[PDB]
Amino acid sequence: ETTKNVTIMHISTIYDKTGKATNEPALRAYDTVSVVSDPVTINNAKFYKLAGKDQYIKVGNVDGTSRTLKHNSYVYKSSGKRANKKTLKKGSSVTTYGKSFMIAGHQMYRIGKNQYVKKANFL
């Protein structure tokens, strides 16, 4: 196997070679793991194979998904405070990692370490 090191950006279920979830302990955000460098496709979904193991994680939890903003947006911390006073502008492409989180009552995507943007603001 040719492998590379990646940072988990979102809690990640461990799947088997058929894309079925296992009960193996989930990988946790900001841990580093060795994966086979090229993703695999299972059921038209992309996964990283963990190096040396028949275990697979979703690429969206590592490389993310590029999404376009339909509204000007603030960036929040998990506490609910604004992370900064910057505004991400409508039409910007922003990478989001995994499934949205509930932050201060709103569904939000993680865009960075302790940085979140409201899901409703994306196209």
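Residues numbered from 1 in each chain as written, not as in the entry; some residues may be left out. Heavy atoms only, no water.

- If you look the protein chain up in the PDB entry, it shows as S-layer from Lactobacillus amylovorus.
- Within the Protein Data Bank, this record goes by the title "LTA-binding domain of SlpA, the S-layer protein from Lactobacillus amylovorus".

1. Brief notes about the packing of aromatic side chains
Step number 1: For the structure on display, the rule yields three aromatic pairs.
Step number 2: Their ring planes at 70° and their centres at 5.4 Å tell us that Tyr-15 and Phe-47 sit as a pair that is edge-to-face. Placement of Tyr-15 in the loop between strand 1 (3-7) and strand 2 (32-36) and of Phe-47 in strand 4 (residues 45-49) is noted, with a sequence separation of 32 residues between them.
Step number 3: The class of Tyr-15 is buried, set by a relative accessible area of 16%.
Step number 4: Overall, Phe-47 belongs to the buried group, its relative accessible area being 2%.
Step number 5: Seen from their ring centres, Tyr-109 and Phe-122 are 5.5 Å apart, and the 80° between their planes marks the pair as edge-to-face. Of this pair, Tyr-109 sits in strand 10 (residues 106-112) while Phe-122 is found in the segment after strand 11 (115-118), placing the two residues 13 residues apart along the sequence. The burial state of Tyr-109 is the same as that of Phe-122; both residues are buried.
Step number 6: Directly above the aromatic system of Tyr-15 lies the positively charged group of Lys-58, at a separation of 4.6 Å from the ring centroid. (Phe/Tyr/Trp six-rings, centres within 6.5 Å; stacked < 30°, edge-to-face > 60°. Helix = DSSP H or I, 4+ residues; strand = E, 2+ residues; numbered from the N terminus. Buried < 20%, exposed > 50% of the residue type's maximum accessible area, 1.4 Å probe, protein only. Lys NZ or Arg CZ within 6 Å of the ring centre and 35° of its normal.)

2. Considerations on the environment of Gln-107
Step number 1: Here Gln-107 shows up in strand 10.
Step number 2: Its relative accessible area of 37% is what places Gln-107 among the partly exposed residues.
Step number 3: The contacts of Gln-107, once residues within four sequence positions are left out, are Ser-100, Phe-101, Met-102, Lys-118 and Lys-119.
Step number 4: Only 2.9 Å separates the side chain of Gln-107 from the side chain of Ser-100, close enough to count as a polar contact. (Contact = heavy atoms within 4.5 Å. Polar contact = N/O pair within 3.5 Å; in protein donor to acceptor, adjacent residues only side chain to side chain.)

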